[PDB]
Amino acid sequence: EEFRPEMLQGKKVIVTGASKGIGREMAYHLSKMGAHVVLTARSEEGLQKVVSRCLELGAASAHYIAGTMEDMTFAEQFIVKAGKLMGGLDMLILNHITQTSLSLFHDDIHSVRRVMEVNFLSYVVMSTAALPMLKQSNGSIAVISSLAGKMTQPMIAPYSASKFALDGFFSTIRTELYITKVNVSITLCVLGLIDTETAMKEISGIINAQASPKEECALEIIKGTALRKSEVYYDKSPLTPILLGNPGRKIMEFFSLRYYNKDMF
């Protein structure tokens, strides 16, 4: 019940949004653990540098495939190719997001649509394409989310919408896999403010809050996903998982199954 880095030695892992931030940090940890990694982002040069560092850090293998997660064809084909490169898949880390800026929502449809497409729809595309490989290996999916995917805050209406959608979709999948006795685990990672350049830049002169270090955040995601935890909370305050954990919802979800015809599962 306690994490050991050997749990990832020789494992076949995908990390999306791996050129910088938490994604790049996750690729490094996995590499030090001796895992096989396939990395993605739009930046070829950014991916080349991470792959090269991963190989130095002890990765069993490291490859990159560049493209945009706004294209559902690329998202799906990326899974198929990553799977063929490693000869299977043990863990899928859905980490990427499209660019978001803090602003009161005002006449901004186009941004809600592109945000929903990248932040949510490509996550559905990739988890669907990856599932047969994860079923064979009794794999895991880490779904990266935020406090804004469990509560609301001003200035992030499109982003919050997409992260709430991930919770609604992925918690239904987790339960469906559990009740059908499919040994594939789903870890929703609820992250507080992290000290990546993107998050720090985006809140500059808008929000004044303490950030958590990106390195430790990355390790916690990997550990919680390896341990098959339903949810991982990572924030400075110890109150965050207590206040966002929603025990009422958990009680309702437990009793919910009693109403279904057992034959469906």
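Whichever C-alpha set is largest while still superposing within 1.5 Å between the two forms counts as the rigid core. The numbering used is simple: start at 1 and walk along the sequence shown.
Structural divergence in 4 other deposited structures of this protein between 107 to 115 and 179 to 187: following superposition by the core, 107 to 115 has C-alpha atoms lying farther from the shown form. Comparing the deposited coordinates for 103 to 111 and 139 to 147, the stretch with the larger average C-alpha B-factor is 103 to 111. The question of which stretch, 221 to 229 or 202 to 210, has the higher mean Cα B factor is settled in favour of 202 to 210.
Annotation for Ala165: CA B-factor lies in the lowest third of the chain's modelled residues. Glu56: CA B factor in the highest third of modelled residues in this chain (values from the PDB entry). In the PDB entry, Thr40 places in the lowest third of its chain by CA B-factor. Compared with the other modelled residues of the chain, the Cα B-factor recorded for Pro247 ranks in the highest third. Looking at the C-alpha B-factors along this chain, the one for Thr196 belongs to the highest third.
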